Amino acid sequence: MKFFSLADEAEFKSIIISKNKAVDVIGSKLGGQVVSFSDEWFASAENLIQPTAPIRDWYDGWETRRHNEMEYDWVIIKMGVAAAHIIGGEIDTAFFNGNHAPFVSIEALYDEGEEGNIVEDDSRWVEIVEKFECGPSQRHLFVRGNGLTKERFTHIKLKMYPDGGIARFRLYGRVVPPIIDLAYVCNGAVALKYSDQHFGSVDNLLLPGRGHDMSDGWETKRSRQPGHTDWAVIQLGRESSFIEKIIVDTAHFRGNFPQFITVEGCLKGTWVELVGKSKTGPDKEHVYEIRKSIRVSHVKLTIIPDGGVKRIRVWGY
Amino acid sequence: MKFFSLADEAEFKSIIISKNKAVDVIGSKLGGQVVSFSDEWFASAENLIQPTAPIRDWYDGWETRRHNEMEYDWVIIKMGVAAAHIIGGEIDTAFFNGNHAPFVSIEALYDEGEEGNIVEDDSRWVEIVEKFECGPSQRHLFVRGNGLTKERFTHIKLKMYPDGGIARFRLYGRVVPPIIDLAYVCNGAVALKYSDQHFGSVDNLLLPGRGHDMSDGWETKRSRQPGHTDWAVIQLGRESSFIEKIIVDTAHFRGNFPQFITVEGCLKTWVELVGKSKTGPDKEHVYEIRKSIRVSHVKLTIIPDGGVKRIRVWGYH
Amino acid sequence: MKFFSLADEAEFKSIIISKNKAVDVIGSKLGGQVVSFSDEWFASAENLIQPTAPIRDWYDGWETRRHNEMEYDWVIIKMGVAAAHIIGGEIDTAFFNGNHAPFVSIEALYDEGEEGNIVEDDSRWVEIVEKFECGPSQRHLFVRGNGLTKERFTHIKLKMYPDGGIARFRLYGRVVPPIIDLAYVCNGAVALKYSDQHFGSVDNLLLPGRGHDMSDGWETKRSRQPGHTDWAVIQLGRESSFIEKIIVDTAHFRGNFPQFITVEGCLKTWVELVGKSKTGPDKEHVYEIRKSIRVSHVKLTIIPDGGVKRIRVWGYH
Amino acid sequence: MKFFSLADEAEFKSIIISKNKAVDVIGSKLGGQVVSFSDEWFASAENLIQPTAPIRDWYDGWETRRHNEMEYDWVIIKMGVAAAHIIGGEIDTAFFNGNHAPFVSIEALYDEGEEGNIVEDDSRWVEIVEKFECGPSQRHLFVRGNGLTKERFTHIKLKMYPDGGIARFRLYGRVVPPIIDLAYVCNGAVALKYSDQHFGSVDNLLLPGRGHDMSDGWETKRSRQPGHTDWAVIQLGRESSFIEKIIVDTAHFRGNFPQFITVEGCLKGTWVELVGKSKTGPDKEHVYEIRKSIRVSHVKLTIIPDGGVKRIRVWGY
Amino acid sequence: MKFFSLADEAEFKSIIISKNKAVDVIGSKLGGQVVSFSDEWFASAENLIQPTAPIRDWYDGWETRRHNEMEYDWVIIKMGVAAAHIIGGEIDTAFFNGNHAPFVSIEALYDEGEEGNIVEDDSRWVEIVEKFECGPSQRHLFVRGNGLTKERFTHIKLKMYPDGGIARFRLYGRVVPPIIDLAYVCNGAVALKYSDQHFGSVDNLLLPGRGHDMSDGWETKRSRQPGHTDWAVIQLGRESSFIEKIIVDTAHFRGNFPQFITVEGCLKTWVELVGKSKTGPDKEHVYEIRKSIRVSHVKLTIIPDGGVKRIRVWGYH
Amino acid sequence: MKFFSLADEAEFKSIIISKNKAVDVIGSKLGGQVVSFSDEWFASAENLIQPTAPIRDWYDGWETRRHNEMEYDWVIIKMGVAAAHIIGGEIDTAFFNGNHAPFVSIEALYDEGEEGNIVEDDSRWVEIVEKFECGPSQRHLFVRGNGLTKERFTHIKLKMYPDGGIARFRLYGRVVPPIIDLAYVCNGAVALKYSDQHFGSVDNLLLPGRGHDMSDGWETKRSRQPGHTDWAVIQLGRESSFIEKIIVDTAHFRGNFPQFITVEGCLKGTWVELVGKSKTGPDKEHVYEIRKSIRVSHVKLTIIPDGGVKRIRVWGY
């Protein structure tokens, strides 16, 4: 289990995103749910998986009562996705300076069907991340020493020895997919690179639903340089052959949506235009019928000159 | 399709709950999620499936802009449940007087796996409920003339002609079963009878997770006469042959948790499965049975009253 | 001086609106401003001229301290309009039960230019409305027996004997006209008829600026029958001889702006000045006429309903 | 067009106030109004002219949608005063770091009478301040290269190429006046110098109305030094000959109003007492009958030992 | 023990106020303080003695958890007063419907000095009020059949059988007198009659300190007929022989303080002690008498109405 | 009168607490009340004695109107305790930077019985702390040059020459006590030393009542070191001989109450166990019957491994 410091978050993201095409599979934004837990006295376990960063001044996180008599506190979380292989994750103890979780370990298990709610007592649990030490009010970026778990997993269990507080818990993993949305996160797609993110993130583009407001989308500052543009490179969770339609949803972007957009395709060198410059409108699902055969592995959305987009869909085989 | 007036809700349930063994398969509490919609100008589409009763003042409901160019507005909702057969539902237009939905019609569709977010266009959409008329600020309890739909669906589509507002949308259906939690709502269990429901319904007993607070559970009024007790009759999604674990969870109930609880089983005459046991607060109570019985309906008894969050029943057959 | 009961508001308007062509010349919405007052101990004098109806709970009104040493309390208000002849007004004592104004009397005055803030002392103050009696928590609609005052004024003074509270003070008067906006309230135009007023009155159509939000405009209920339309009949401050520009402004109406609008002219039989045109949201619609017509009353028609912020009509004569 | 930095605001105020006797003639505090504008999506154009300084955390200013297709956005503001000559002004882009207006130019025009609402299209518009560049989150103090415009103006137009945000817009100008209030701002009077201002400003003394609270008055910290005093030198908008009465209004100053006051007069060298030490009371209009003939150009109010005053009036010829 | 219905409150007071000369000796306003309690799970025990009437929504009252193992829940309250004899009180179960206190009983105890906080256990606790039954959301005005208790107490104990909620608990008793303030509540004075009580009762006149705001005083409605006056008849804790100072305190009454006040004395025919004097706001009015009179009941007269905070009367005997 | 700086607060506390066994006898937390005052215009005199530290952004303190004509402003405060000897105190002018009280002096007086409310005019007042200078926004720790006043006192009077603001006023004094609670503050007990205080203070343990929430108790951070503990040494206000029972109340500490506690006794050298390790529960009054004879002067409560306690009682002779 190698650790990373804020100083090298760049490298950490590289090991996680670019090299292992993984995502925070327990995040609520994508479907993650809290199945159970041992205690939740000062702050709810649900706080652990929210998309927003921890706020202060009540605590934004999971804090249990004091003096646990059990060897550890715990929580069981079900991935939003069908299953995935784990590479690493984050444990943020933000604003918990002292009463933070002293040590933490993670376990996983695979449950064929939604037969019921998993119990912490289940015999299928398996250690995914050996016990390690946490520091106060900080982020712990960690990767498994051997990398991607060779087994598939559906539920994960966080353990805090013996109790305390954790602000956020992120667990990155390679989605094991179930005509389909090739750029859908639940199908294995992930956001790779991007010009910039002001609010929201490029990985919001590959999510379920149209969202609730502009916060769950991808937005970029108001630029001024001529010929300026913004872009996001998504790696479809499965190389295409036939792309029927590409959808660019600007839902909730009413006064800051892009002026034009263009989509391109690349195969694991040259980029090919799939949807040339197209004037876009506010809060709409602009649908582009491609009906073309191409072997693309990556898609690139370009916002011009900048703006906000909620989602991008790429239906095909 | 028959409609029921408020003074007939008693019979309405009879049709959907006792007879058809249905439950609200699109509500959030259970996993219902908005996939998309044509517009949400004045009020968010997600409000539709909330578990709370509409609240006044912003509008606690769904509302599109005026003068729709298309023939109707729509919202696409994915079932929380794995699949279900439909019988009817509720369309509450609360607090929308005049600008309420003139007409509504419902369509269902069956999609195998989360390939992506279904589109209005999809040629699999079929009419499940013929277009009927809505009135100002009221509830519309309806049931399909032909009872349950022979087919089973995973997503439903609501159509409002041509635009306006709907406060709530409940769609009732019989869940299709995917050791298993035999009382778990996802496996087809439903609550038929209850002695009392002061706060939170009895159908909360059979849901995923442990919830957020006392509101997603079952709570009865405070009683005074000796020997008084409250109960909930639950129909297992399948008859049992063997039962290993029964779990009564009082999570979140700290000052009003029941004093003692018992669990009796029946085949449709009652047999004791769990003898009178003193319960505690915000705790999971695990009772080992290791016995074999052919019970179909279970009955939780809390004494003298109080609240319980969940009841699990692990068995076979 | 005659008074009208609520069940007579219908006739009240007839007298002031249709007959005398008056408008509330001291309200803030139109430019009314408090110049000074003798006291505002419990509630601000500025509340008097607000466009909203009194709201309960602080007191939404004007209230002076108890036991006034002088004979009466007073407030001096300057007309928004350039000058006007008075017919009557409203004195709403809403929510002031018992400590309401026992008596009230009104005085007017004509001051050329903004030399400074007029004083109570000024020897130009003349009685326009004889001292009458007010009752607890109610509205007092009154009209001068001698109709319009032969003279024209710029400031008015309200006297409360000897102290107490008044929720609202409306003073109706016929504006004195200073290419010109012939429908502009400052030039003497007034709205006589309207098919409907769900939110915001039709007299908002003829005001300065584009307003703040949807509240300072005209909005009609959402309609359902085909071919339904809503309208507003406006009397120009002067008959036209030539009309160059007509402008329909829907500023702030983004989801309920009208679909199409038309403008007909009449001389007091209607003539089309602006043919059916599709309108947009939060936009100014400029229609060139370059024609000559002797119209006195204009009529805006929005289809099928919705809201409009302003209507301008530039002409001659 | 010479610019000034916060470092030399002192000199800027000198060029504007002392040398050109000008005031912020479009300020709402004095009567400035927003007539129209091109867009107002993120923040209202009315925010531009409010008396208070820009606050943060919604934006306190004027921000338009993105990617304007028109060459520039704009707003038309009507001065509170009858007319004035312009010398300069301020453009604050506070808290707009990046999305601020890249460039700005100002235009003016004179409209004989309130014939209607001016259109940005009017042919009378005249460039008053050539296009210049703005920086992020900062104040831009600017003066016209040639100084006071030889022409009179009533409306001014701010243009933002092509869109963005401006926090505040101040436009200083010499008021062209219409027995009168010689110290009335609408008559050309201006606050020249002053010992100090804690809350509110000395220029609040020459405003219309009695105000709403202590914020629109002039207040000084609680001093302790013996024989300490505070003063404000106003320059009447017109040399006097006969001063009938001087009014000192302490409206809204109930616990921090001055203990004594004295008024003096000077002619453009020696100061002459007009109202000697006079014990003052709370929330009152202390009226001093002078009935004296004097050629004063400047008036000086002295607060002892300190305190709060709402307004000072000086009636005469 | 007799109970009185609301339509009998008139008689209730007669018994406790005029006859027995009692006052609410446990309310906070007067010094009542919670010493301890068995439980406060859903609602704080301190709410019981608040001077305000119960307010809805949290619960404005006292509420213990469900299923008490002991026979009853309890709260221990220490009298503000030095000691008192009990006659009866009020038990308001407002807003507690069903989960209200089934039964209640009261016990008193006399402890010399503040040795510590009394315990439920203490063998000095004696029954003062036999266990009676309470109903849902209502007031219970009761009086002891045997009138005043022969003994005097310092602390009282409320017992709720077995658990539930009580909104308010008033306990009436005749205070035991420890130059002295002869009208001071702690010396046994009580208010018998008043002409009017619009805001705040007359018994506030005789309390410790000057209070917090206008709410802890006596305020009468605004009157209109000439010569109208309001009064309060107060019974001194002892007859006077000599009276040196009378003090009328209008602290906090700034805009509704009385205009003039007078004070007459009587022996139980009235004699003037303080002649008509003009009163001021938020000020203490000290009137020297230096005379000897055998008065027992004093009478404060405010003209024409208004509010007064306190009335002190220093004398001998 | 020697002063102390924040730098030597440690020494100041030593002179006050350890050497003179004194406490803040006018604090509201212990019973202190405001009897009267000269003015309270900007901020209530009651703010002076609240237990919490001064907050900002209305002012948290006592601020009077400006320009007092009287030689000084003042306030009369009654100690919560029966009487005490004074050693020193604190005057905090927090957040009052400039308008703070320039000078201050303190007076005291003894009133046999609660005969009435003391007047600032009383002849018994005695100078306890000669007039001294205060600085802006700071704490003034001061001790009487000669120390403990040889006389007993019940009321104290703060004087501010001539007016301004004081944030807090603390007056430490040795309590003159009235089977009893030997560790009760009202009996002369005081908190001496302690391992640490996170929230609340160790001196909260010796207070009246059970409190309102966790803020009026003694709590320590969540520790992690093995064998870690927390303790508080109380000095009984009177050496014991027979200790009947010791009570440890953990009221309001539900999730952070200690796991075990032990009480010890010492005589003015060796510590003796009085209550050995005892598992403690939440929100309960753990009662320990000692029924032992011992000459202890000091008591020591030990929290293990840490936690929160509301009060400790020690009944005996």
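Values reported hereafter were calculated over all heavy atoms of this structure, with side chains retained and with hydrogens, waters and symmetry mates removed. Here is the naming used below: chain letters follow the sequence lines, and residue numbers restart at 1 for every chain.
- Counting only heavy atoms from C-beta outward, the side chains of D:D181 and D:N187 approach each other to under 4.5 Å.
- Contact check for D:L171 versus D:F169: side-chain heavy atoms found under the 4.5 Å cut-off.
- Taking the centre and axis of the six-membered ring of D:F260, the NZ or CZ atom of D:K279 falls outside the cone set by 45° and 6.0 Å.
- Applying the side chain to side chain donor-acceptor pair (under 3.5 Å) criterion to C:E120, with sequence neighbours excluded, gives C:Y72, C:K157.
- A salt bridge does not link D:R168 to D:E90: none of the charged side-chain nitrogens sits closer than 4.0 Å to a carboxylate oxygen.
- For C:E115, the salt bridge (charged side-chain N to carboxylate O under 4.0 Å, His left out) partners at least two apart in sequence or on another chain are C:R124.
- A salt bridge is defined here as a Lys NZ or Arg NE, NH1 or NH2 lying under 4.0 Å from an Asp or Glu carboxylate O, and C:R65 with C:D73 meets this definition.
- The closest side-chain heavy-atom distance from D:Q197 to D:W218 is below 4.5 Å.
- When every heavy atom of C:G165 is checked against every heavy atom of C:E63, the shortest pair comes out as CA-CG, 3.6 Å.
- Checked against a 6.0 Å centroid threshold, the rings of D:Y317 and D:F242 count as neighbours.
- Using a 4.5 Å heavy-atom threshold, the side chains of E:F253 and E:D282 count as separate.
- A salt bridge links D:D249 to D:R210: one of the charged nitrogens lies within less than 4.0 Å of a carboxylate oxygen.
- Comment: D:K245 does not engage C:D121 in a salt bridge, judged by the lack of any side-chain N to carboxylate O separation of less than 4.0 angstrom.
- Using a 4.0 Å cut-off between a side-chain N of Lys or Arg and a carboxylate O of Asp or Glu, E:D305 and C:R66 qualify as a salt bridge.
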Problem set entry | side-chain contact (heavy atoms from CB on, under 4.5 Å) between D:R311 and D:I247, worked out | CA-CA 8 Å; D:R311 308 272 199 273; D:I247 293 175; over 6 Å; no
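- Across all their heavy atoms, D:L207 and D:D203 have their closest contact at CG-O, 3.6 Å.
- Using a cut-off of 4.0 Å between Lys/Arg side-chain N and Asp/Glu carboxylate O, D:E285 and D:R313 are scored as not salt-bridged.
- Using a 4.5 Å heavy-atom threshold, the side chains of C:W41 and E:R254 count as touching.
- Proximity of the aromatic rings of C:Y59 and C:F42 is defined here by a centroid distance below 6.0 angstrom, and this criterion is not met.
- D:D230 and D:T220 share a side-chain donor-acceptor pair at under 3.5 Å.
- Between C:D163 and E:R222, at least one side-chain nitrogen of the basic residue sits less than 4.0 Å from a carboxylate oxygen of the acidic one, meeting the salt-bridge criterion.
- Ring geometry, C:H155 versus C:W125: the interplanar angle exceeds 60°, so the pair is classed perpendicular (tilted spans 30 to 60°).
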